[PDB]
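Peer 1: Supplied structure: coords_19.txt, compact mmCIF, N, CA and C atoms.
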```
# COMPACT_ATOMS: atom_id res chain seq x y z
N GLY U 4 -9.24 8.68 5.05
CA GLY U 4 -9.35 7.38 5.70
C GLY U 4 -10.39 6.51 5.04
N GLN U 5 -10.35 6.45 3.71
CA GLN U 5 -11.33 5.68 2.95
C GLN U 5 -10.69 5.02 1.74
N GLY U 6 -9.46 5.42 1.43
CA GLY U 6 -8.75 4.94 0.26
C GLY U 6 -8.18 3.54 0.39
N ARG U 7 -7.63 3.04 -0.71
CA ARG U 7 -7.10 1.69 -0.77
C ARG U 7 -5.92 1.47 0.18
N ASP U 8 -5.12 2.50 0.39
CA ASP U 8 -3.98 2.39 1.30
C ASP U 8 -4.47 2.25 2.73
N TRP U 9 -5.49 3.02 3.09
CA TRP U 9 -6.10 2.92 4.41
C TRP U 9 -6.61 1.51 4.67
N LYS U 10 -7.33 0.93 3.71
CA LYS U 10 -7.94 -0.38 3.92
C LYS U 10 -6.91 -1.50 4.02
N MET U 11 -5.82 -1.37 3.27
CA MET U 11 -4.78 -2.38 3.32
C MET U 11 -4.06 -2.31 4.66
N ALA U 12 -3.86 -1.10 5.16
CA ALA U 12 -3.23 -0.93 6.46
C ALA U 12 -4.10 -1.55 7.54
N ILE U 13 -5.41 -1.27 7.49
CA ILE U 13 -6.38 -1.84 8.42
C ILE U 13 -6.42 -3.36 8.34
N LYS U 14 -6.38 -3.89 7.12
CA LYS U 14 -6.33 -5.34 6.95
C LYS U 14 -5.09 -5.95 7.62
N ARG U 15 -3.96 -5.26 7.51
CA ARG U 15 -2.72 -5.70 8.18
C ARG U 15 -2.90 -5.72 9.69
N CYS U 16 -3.57 -4.70 10.22
CA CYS U 16 -3.74 -4.58 11.67
C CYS U 16 -4.77 -5.56 12.23
N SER U 17 -5.67 -6.05 11.37
CA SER U 17 -6.75 -6.92 11.83
C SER U 17 -6.28 -8.26 12.40
N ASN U 18 -5.01 -8.59 12.20
CA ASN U 18 -4.48 -9.83 12.75
C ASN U 18 -3.76 -9.62 14.08
N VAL U 19 -3.65 -8.37 14.51
CA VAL U 19 -3.02 -8.04 15.78
C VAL U 19 -3.98 -8.16 16.97
N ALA U 20 -3.55 -8.86 18.02
CA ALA U 20 -4.33 -8.99 19.25
C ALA U 20 -4.28 -7.75 20.15
N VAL U 21 -5.43 -7.40 20.69
CA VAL U 21 -5.55 -6.25 21.57
C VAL U 21 -4.84 -6.56 22.88
N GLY U 22 -5.07 -7.76 23.39
CA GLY U 22 -4.46 -8.20 24.63
C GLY U 22 -3.34 -9.17 24.36
N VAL U 23 -2.37 -9.22 25.27
CA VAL U 23 -1.20 -10.06 25.09
C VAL U 23 -1.55 -11.56 25.24
N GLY U 24 -2.80 -11.90 24.93
CA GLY U 24 -3.17 -13.27 24.66
C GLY U 24 -2.95 -13.46 23.16
N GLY U 25 -3.19 -14.66 22.64
CA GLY U 25 -3.72 -15.76 23.42
C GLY U 25 -5.16 -16.04 23.01
N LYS U 26 -6.08 -15.60 23.86
CA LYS U 26 -7.51 -15.70 23.59
C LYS U 26 -8.04 -14.40 23.00
N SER U 27 -7.25 -13.34 23.18
CA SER U 27 -7.68 -11.96 22.98
C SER U 27 -8.40 -11.65 21.66
N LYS U 28 -9.30 -10.68 21.71
CA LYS U 28 -9.93 -10.17 20.51
C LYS U 28 -8.86 -9.44 19.68
N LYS U 29 -9.08 -9.34 18.37
CA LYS U 29 -8.16 -8.61 17.50
C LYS U 29 -8.68 -7.19 17.26
N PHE U 30 -7.82 -6.31 16.77
CA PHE U 30 -8.20 -4.93 16.45
C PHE U 30 -9.15 -4.91 15.26
N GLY U 31 -10.08 -3.96 15.26
CA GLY U 31 -10.97 -3.75 14.12
C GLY U 31 -10.88 -2.32 13.62
N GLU U 32 -11.34 -2.08 12.39
CA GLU U 32 -11.26 -0.76 11.77
C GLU U 32 -11.80 0.36 12.67
N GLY U 33 -12.90 0.08 13.35
CA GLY U 33 -13.52 1.07 14.21
C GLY U 33 -12.64 1.51 15.37
N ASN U 34 -11.81 0.59 15.86
CA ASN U 34 -10.86 0.91 16.91
C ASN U 34 -9.87 1.99 16.48
N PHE U 35 -9.40 1.90 15.24
CA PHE U 35 -8.47 2.89 14.70
C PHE U 35 -9.12 4.25 14.46
N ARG U 36 -10.35 4.24 13.98
CA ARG U 36 -11.07 5.49 13.76
C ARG U 36 -11.32 6.18 15.10
N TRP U 37 -11.69 5.39 16.11
CA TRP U 37 -11.86 5.90 17.46
C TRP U 37 -10.57 6.53 17.99
N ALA U 38 -9.45 5.81 17.82
CA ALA U 38 -8.19 6.28 18.39
C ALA U 38 -7.72 7.56 17.72
N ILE U 39 -7.83 7.62 16.40
CA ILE U 39 -7.46 8.81 15.66
C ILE U 39 -8.37 9.97 16.05
N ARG U 40 -9.65 9.71 16.17
CA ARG U 40 -10.57 10.76 16.49
C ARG U 40 -10.32 11.30 17.91
N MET U 41 -10.06 10.39 18.83
CA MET U 41 -9.80 10.78 20.21
C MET U 41 -8.53 11.65 20.29
N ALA U 42 -7.46 11.17 19.66
CA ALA U 42 -6.21 11.92 19.62
C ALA U 42 -6.40 13.28 18.94
N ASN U 43 -7.16 13.32 17.85
CA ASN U 43 -7.40 14.60 17.15
C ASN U 43 -8.07 15.64 18.04
N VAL U 44 -9.19 15.26 18.67
CA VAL U 44 -9.90 16.19 19.55
C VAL U 44 -9.01 16.64 20.72
N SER U 45 -8.29 15.69 21.30
CA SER U 45 -7.41 15.93 22.44
C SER U 45 -6.27 16.89 22.15
N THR U 46 -5.87 16.98 20.88
CA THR U 46 -4.69 17.76 20.52
C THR U 46 -5.06 18.96 19.67
N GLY U 47 -6.36 19.20 19.53
CA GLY U 47 -6.86 20.38 18.85
C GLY U 47 -6.83 20.32 17.33
N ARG U 48 -6.82 19.10 16.78
CA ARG U 48 -6.88 18.89 15.34
C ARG U 48 -8.33 18.75 14.92
N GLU U 49 -8.62 18.95 13.64
CA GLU U 49 -9.97 18.70 13.15
C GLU U 49 -10.27 17.22 13.39
N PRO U 50 -11.46 16.92 13.94
CA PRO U 50 -11.72 15.54 14.37
C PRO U 50 -11.53 14.46 13.29
N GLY U 51 -11.89 14.74 12.05
CA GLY U 51 -11.76 13.74 10.99
C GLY U 51 -10.42 13.71 10.28
N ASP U 52 -9.41 14.34 10.86
CA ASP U 52 -8.11 14.47 10.20
C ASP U 52 -7.32 13.17 10.26
N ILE U 53 -7.19 12.51 9.12
CA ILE U 53 -6.50 11.23 9.04
C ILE U 53 -5.04 11.43 8.69
N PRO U 54 -4.13 10.88 9.50
CA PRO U 54 -2.70 10.97 9.15
C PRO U 54 -2.44 10.12 7.91
N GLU U 55 -1.77 10.70 6.92
CA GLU U 55 -1.52 10.01 5.65
C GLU U 55 -0.15 9.34 5.60
N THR U 56 0.80 9.88 6.36
CA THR U 56 2.17 9.40 6.32
C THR U 56 2.61 9.03 7.73
N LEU U 57 3.67 8.23 7.82
CA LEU U 57 4.21 7.84 9.12
C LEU U 57 4.62 9.05 9.94
N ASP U 58 5.26 10.02 9.28
CA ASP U 58 5.66 11.26 9.96
C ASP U 58 4.47 11.99 10.60
N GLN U 59 3.36 12.10 9.88
CA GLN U 59 2.17 12.73 10.44
C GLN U 59 1.65 11.93 11.62
N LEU U 60 1.64 10.60 11.50
CA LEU U 60 1.11 9.76 12.58
C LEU U 60 1.99 9.86 13.83
N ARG U 61 3.30 9.83 13.61
CA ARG U 61 4.27 9.98 14.69
C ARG U 61 4.04 11.28 15.50
N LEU U 62 3.81 12.39 14.81
CA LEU U 62 3.54 13.66 15.46
C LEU U 62 2.24 13.65 16.29
N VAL U 63 1.22 12.95 15.82
CA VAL U 63 0.00 12.81 16.60
C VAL U 63 0.28 12.03 17.87
N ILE U 64 0.95 10.90 17.70
CA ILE U 64 1.31 10.06 18.82
C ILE U 64 2.17 10.84 19.82
N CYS U 65 3.14 11.59 19.31
CA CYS U 65 3.96 12.46 20.15
C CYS U 65 3.11 13.45 20.95
N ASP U 66 2.26 14.21 20.26
CA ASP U 66 1.38 15.16 20.94
C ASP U 66 0.57 14.49 22.03
N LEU U 67 0.05 13.30 21.73
CA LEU U 67 -0.80 12.59 22.68
C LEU U 67 -0.02 12.06 23.89
N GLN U 68 1.22 11.59 23.68
CA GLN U 68 2.02 11.13 24.81
C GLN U 68 2.45 12.31 25.70
N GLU U 69 2.65 13.48 25.09
CA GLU U 69 3.02 14.67 25.84
C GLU U 69 1.84 15.14 26.69
N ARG U 70 0.64 15.06 26.12
CA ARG U 70 -0.60 15.27 26.86
C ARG U 70 -0.73 14.31 28.04
N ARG U 71 -0.39 13.05 27.79
CA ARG U 71 -0.47 12.03 28.84
C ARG U 71 0.49 12.36 29.97
N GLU U 72 1.67 12.83 29.60
CA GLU U 72 2.69 13.22 30.56
C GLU U 72 2.25 14.42 31.40
N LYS U 73 1.60 15.38 30.75
CA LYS U 73 1.21 16.63 31.40
C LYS U 73 -0.03 16.49 32.28
N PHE U 74 -1.06 15.82 31.76
CA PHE U 74 -2.34 15.73 32.47
C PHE U 74 -2.61 14.37 33.11
N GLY U 75 -1.86 13.35 32.72
CA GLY U 75 -1.96 12.06 33.38
C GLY U 75 -2.50 10.95 32.52
N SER U 76 -2.19 9.71 32.89
CA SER U 76 -2.65 8.58 32.12
C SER U 76 -4.10 8.22 32.44
N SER U 77 -4.65 7.35 31.61
CA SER U 77 -5.99 6.83 31.81
C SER U 77 -6.13 5.64 30.88
N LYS U 78 -7.16 4.85 31.12
CA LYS U 78 -7.39 3.64 30.37
C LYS U 78 -7.61 4.07 28.91
N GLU U 79 -8.33 5.17 28.72
CA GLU U 79 -8.69 5.65 27.40
C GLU U 79 -7.52 6.23 26.60
N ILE U 80 -6.75 7.14 27.20
CA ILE U 80 -5.61 7.70 26.48
C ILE U 80 -4.56 6.62 26.21
N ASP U 81 -4.34 5.73 27.18
CA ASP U 81 -3.41 4.62 26.98
C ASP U 81 -3.83 3.75 25.80
N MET U 82 -5.11 3.37 25.74
CA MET U 82 -5.63 2.58 24.62
C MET U 82 -5.49 3.31 23.27
N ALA U 83 -5.76 4.61 23.26
CA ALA U 83 -5.63 5.38 22.02
C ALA U 83 -4.18 5.38 21.55
N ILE U 84 -3.26 5.64 22.48
CA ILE U 84 -1.84 5.64 22.14
C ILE U 84 -1.35 4.32 21.56
N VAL U 85 -1.64 3.22 22.25
CA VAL U 85 -1.21 1.91 21.77
C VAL U 85 -1.87 1.54 20.44
N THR U 86 -3.13 1.90 20.27
CA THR U 86 -3.82 1.65 19.01
C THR U 86 -3.14 2.37 17.84
N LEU U 87 -2.69 3.61 18.06
CA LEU U 87 -2.00 4.37 17.02
C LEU U 87 -0.63 3.77 16.70
N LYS U 88 0.00 3.20 17.72
CA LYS U 88 1.30 2.57 17.53
C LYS U 88 1.14 1.26 16.75
N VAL U 89 0.06 0.54 17.01
CA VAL U 89 -0.26 -0.64 16.20
C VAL U 89 -0.45 -0.21 14.74
N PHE U 90 -1.17 0.89 14.53
CA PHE U 90 -1.37 1.37 13.17
C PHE U 90 -0.05 1.72 12.49
N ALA U 91 0.86 2.36 13.22
CA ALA U 91 2.17 2.71 12.64
C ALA U 91 2.95 1.45 12.25
N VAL U 92 3.10 0.54 13.20
CA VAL U 92 3.98 -0.62 13.04
C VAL U 92 3.39 -1.71 12.14
N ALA U 93 2.17 -2.14 12.44
CA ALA U 93 1.53 -3.19 11.64
C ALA U 93 0.89 -2.64 10.37
N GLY U 94 0.35 -1.42 10.44
CA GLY U 94 -0.31 -0.87 9.28
C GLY U 94 0.64 -0.22 8.30
N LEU U 95 1.24 0.89 8.71
CA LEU U 95 2.04 1.67 7.78
C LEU U 95 3.37 1.00 7.46
N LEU U 96 3.99 0.33 8.43
CA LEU U 96 5.30 -0.29 8.19
C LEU U 96 5.20 -1.76 7.79
N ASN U 97 3.98 -2.29 7.83
CA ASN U 97 3.72 -3.69 7.49
C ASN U 97 4.62 -4.66 8.25
N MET U 98 4.74 -4.45 9.55
CA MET U 98 5.53 -5.35 10.37
C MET U 98 4.65 -6.28 11.18
N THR U 99 4.88 -7.58 11.02
CA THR U 99 4.23 -8.60 11.84
C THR U 99 4.51 -8.43 13.33
N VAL U 100 3.48 -8.06 14.07
CA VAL U 100 3.55 -8.07 15.53
C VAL U 100 2.31 -8.82 16.00
N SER U 101 2.47 -9.63 17.04
CA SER U 101 1.38 -10.50 17.49
C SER U 101 0.35 -9.76 18.32
N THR U 102 0.80 -8.79 19.11
CA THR U 102 -0.02 -8.10 20.09
C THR U 102 0.25 -6.61 20.05
N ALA U 103 -0.60 -5.83 20.72
CA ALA U 103 -0.42 -4.38 20.81
C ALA U 103 0.83 -4.04 21.63
N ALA U 104 1.12 -4.88 22.62
CA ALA U 104 2.32 -4.75 23.43
C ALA U 104 3.58 -4.88 22.58
N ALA U 105 3.56 -5.82 21.64
CA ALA U 105 4.70 -6.03 20.76
C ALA U 105 4.90 -4.85 19.82
N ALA U 106 3.80 -4.26 19.37
CA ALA U 106 3.87 -3.07 18.52
C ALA U 106 4.47 -1.89 19.28
N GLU U 107 4.01 -1.73 20.51
CA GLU U 107 4.50 -0.69 21.41
C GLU U 107 6.00 -0.84 21.62
N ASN U 108 6.43 -2.08 21.84
CA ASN U 108 7.85 -2.35 22.05
C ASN U 108 8.67 -2.06 20.79
N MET U 109 8.15 -2.44 19.63
CA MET U 109 8.83 -2.19 18.36
C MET U 109 8.89 -0.70 18.02
N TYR U 110 7.79 0.00 18.26
CA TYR U 110 7.72 1.44 18.04
C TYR U 110 8.80 2.13 18.86
N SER U 111 8.95 1.71 20.11
CA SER U 111 9.98 2.28 20.97
C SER U 111 11.41 1.93 20.51
N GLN U 112 11.65 0.67 20.15
CA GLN U 112 13.00 0.27 19.77
C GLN U 112 13.46 0.95 18.49
N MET U 113 12.52 1.27 17.60
CA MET U 113 12.86 1.97 16.36
C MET U 113 13.05 3.47 16.55
N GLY U 114 12.91 3.94 17.78
CA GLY U 114 13.21 5.34 18.09
C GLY U 114 12.07 6.29 17.78
N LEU U 115 10.89 5.74 17.50
CA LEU U 115 9.79 6.57 17.02
C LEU U 115 9.11 7.43 18.10
N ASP U 116 9.38 7.13 19.37
CA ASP U 116 8.82 7.93 20.46
C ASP U 116 9.52 9.29 20.53
N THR U 117 10.71 9.38 19.94
CA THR U 117 11.40 10.66 19.83
C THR U 117 10.63 11.59 18.91
N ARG U 118 10.42 12.83 19.33
CA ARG U 118 9.82 13.84 18.48
C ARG U 118 10.90 14.56 17.68
N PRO U 119 10.95 14.29 16.38
CA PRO U 119 11.97 14.90 15.52
C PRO U 119 11.80 16.41 15.45
N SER U 120 12.90 17.15 15.33
CA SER U 120 12.81 18.59 15.11
C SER U 120 12.32 18.83 13.69
N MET U 121 11.94 20.08 13.39
CA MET U 121 11.52 20.43 12.04
C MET U 121 12.66 20.33 11.02
N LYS U 122 13.85 20.75 11.43
CA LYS U 122 15.04 20.59 10.59
C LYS U 122 15.37 19.12 10.35
N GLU U 123 15.23 18.30 11.39
CA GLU U 123 15.47 16.86 11.29
C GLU U 123 14.53 16.23 10.28
N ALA U 124 13.29 16.72 10.25
CA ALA U 124 12.26 16.18 9.39
C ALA U 124 12.45 16.54 7.91
N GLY U 125 13.28 17.54 7.64
CA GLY U 125 13.57 17.94 6.27
C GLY U 125 12.58 18.95 5.72
N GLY U 126 11.32 18.81 6.12
CA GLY U 126 10.27 19.72 5.71
C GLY U 126 8.90 19.12 5.95
N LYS U 127 7.98 19.95 6.44
CA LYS U 127 6.59 19.55 6.62
C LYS U 127 5.97 19.05 5.31
N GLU U 128 4.79 18.44 5.40
CA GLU U 128 4.14 17.89 4.21
C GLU U 128 3.20 18.92 3.57
N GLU U 129 3.62 19.45 2.43
CA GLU U 129 2.86 20.48 1.72
C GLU U 129 2.53 20.04 0.29
N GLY U 130 1.30 19.61 0.08
CA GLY U 130 0.87 19.11 -1.22
C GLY U 130 -0.54 19.51 -1.57
N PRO U 131 -1.01 19.11 -2.77
CA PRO U 131 -2.34 19.51 -3.26
C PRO U 131 -3.47 18.83 -2.50
N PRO U 132 -4.63 19.50 -2.41
CA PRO U 132 -5.75 18.98 -1.62
C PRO U 132 -6.41 17.70 -2.15
N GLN U 133 -6.23 17.36 -3.42
CA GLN U 133 -6.95 16.22 -3.99
C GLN U 133 -6.12 15.39 -4.97
```
Could I get this file's structure written as structure tokens?
Peer 2:
Amino acid sequence: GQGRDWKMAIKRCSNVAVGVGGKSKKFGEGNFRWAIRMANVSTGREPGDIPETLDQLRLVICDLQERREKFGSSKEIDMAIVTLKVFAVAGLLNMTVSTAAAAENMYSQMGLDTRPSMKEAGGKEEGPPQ
């Protein structure tokens, strides 16, 4: 979460509004680091584990929504989930969305809330460490 791809994705997200205003503040880099870190700890991943691909990010979001379903919603888990969806849609897919609500809606319409099977995925991501 320090490379050129990370920063460009963050730059894309910086124009997205947190609230469905209007007047609303926009997302900042720290918001994404917080959301990833929160989701990582919550799902038993190493805290600094940055998703590199859309597939990896989708699985984190899936794990976190399943946690939300099992143990219940909260202002914090809800914010983490929507923040990750903004990262997927505006960051990784480079899609113009005005608000976090719009990203959430787009993420859902594209079918991304579905957790793909391992066979569906074709194969996990197995590559060199550096």
Peer 1: Report, as lines of an AutoDock Vina configuration file, the axis-aligned box around all atoms of stretch 29-36 of chain U present in the file, extended by 8 Å on each side; give centre and edge lengths in Å to one decimal place.
Peer 2:
```
center_x = -10.7
center_y = -1.6
center_z = 15.1
size_x = 21.7
size_y = 31.5
size_z = 22.6
```
Peer 1: If we count only C-alpha atoms and set the cut-off at 7 Å, which residues sit around stretch 56-73 of chain U, ignoring sequence neighbours fewer than 4 positions away in its own chain? Please answer as an NGL selection string.
Peer 2: :U and (42 or 46 or 84 or 87 or 91 or 95 or 115-116 or 118)
Peer 1: Using all atoms listed in the file, which residue out of U:39, U:89, U:103, U:11 lies closest to residue U:52?
Peer 2: U:39
Peer 1: By how many Å are atom C of residue U:83 and atom C of residue U:117 apart?
Peer 2: 16.3 Å
Peer 1: So which bits of stretch 18-99 of chain U end up alpha helix (DSSP H) when you DSSP the backbone, as an NGL selection string?
Peer 2: :U and (32-45 or 57-74 or 78-89)
Peer 1: State, in Å with one decimal place, the distance from atom CA of residue U:22 to atom N of residue U:104.
Peer 2: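 About the pair atom CA of residue U:22 and atom N of residue U:104: they are 6.8 Å apart.
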Peer 1: So how many Å separate atom N of residue U:49 and atom C of residue U:111, to one decimal?
Peer 2: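 Atom-to-atom, atom N of residue U:49 and atom C of residue U:111 are spaced 27.2 Å apart.
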Peer 1: Which is closer to residue U:80 than all the others in U:41, U:101, U:5, U:106, using all atoms listed in the file?
Peer 2: U:41
Peer 1: Excluding residue U:17 and residues on its chain fewer than 4 positions from it, collect all residues at most 6 Å away from it, counting all atoms listed in the file, and give them as a list in words.
Peer 2: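 Residues near the query, excluding close chain neighbours: residues 13, 29, 30 and 31 of chain U.
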Peer 1: U:102, U:113, U:124, U:79: which is nearest residue U:23, counting only N, CA and C atoms?
Peer 2: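 Of the candidates, the smallest distance to residue U:23 is held by U:102.
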Peer 1: Within 6 Å of residue U:94, counting all atoms listed in the file, which residues qualify if same-chain residues fewer than 2 places away don't, as a PyMOL selection string?
Peer 2: chain U and resi 12-13+15-16+89-92+96-98
